[PDB]
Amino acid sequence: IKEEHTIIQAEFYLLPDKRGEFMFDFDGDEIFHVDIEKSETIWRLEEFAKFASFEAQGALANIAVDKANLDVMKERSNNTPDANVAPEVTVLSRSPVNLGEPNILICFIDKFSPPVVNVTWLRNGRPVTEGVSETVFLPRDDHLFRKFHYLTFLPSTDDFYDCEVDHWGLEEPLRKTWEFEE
């Protein structure tokens, strides 16, 4: 046997938003990220906590350096900026959809930068704030990001969903629909 794996320590600091991130990735999935504010470690899946730990302060120390470095890079390039890169959005069910059986809708935001976006779940034309969750800004092989948004739902032929995504690289917000297809 031969075990081939990739662990990526992904971190960043962004202006003018003044936002940073620090996370670990394993073969494409998040192991954890650190809440910069709370200064705590957030494991992607709860069960990961009993097998390891991470000193959050470490993430914050690095973000401080990334923050200082960001300033240098801006000076070194006379504050010249690049173009915003809009995301491609895809909505989909986590698993096969059966009426009456709890499931989860996935709004996949991909290939965009900077790592800032606005996502809104819509059920029957109204914003849904309960039963929603999201991932931090996940890394791709290149320099772009990806993100996952989630909505818990009970399949039904009377409900109609829309994932509305907004980015500085879009002229108008991107709106993706989804409904029970038999």
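A residue's number is simply how far along the shown sequence it sits, counting from 1.
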property	result
Residue stretch of maximal mean CA temperature factor, 111-119 vs 34-42	34-42
99-107 versus 72-80 - greater average Cα B-factor per the deposited record	72-80
Third of the chain's Cα B-factor distribution that residue 53 belongs to, per the entry	middle
Residue 168, C-alpha B-factor rank within chain (lowest, middle or highest third)	highest
Residue 14 - which third its CA temperature factor falls in, relative to the rest of the chain	lowest
Third of the chain, ranked by Cα B-factor, where residue 157 sits	highest
B-factor third for the C-alpha atom of residue 29 within its chain	lowest
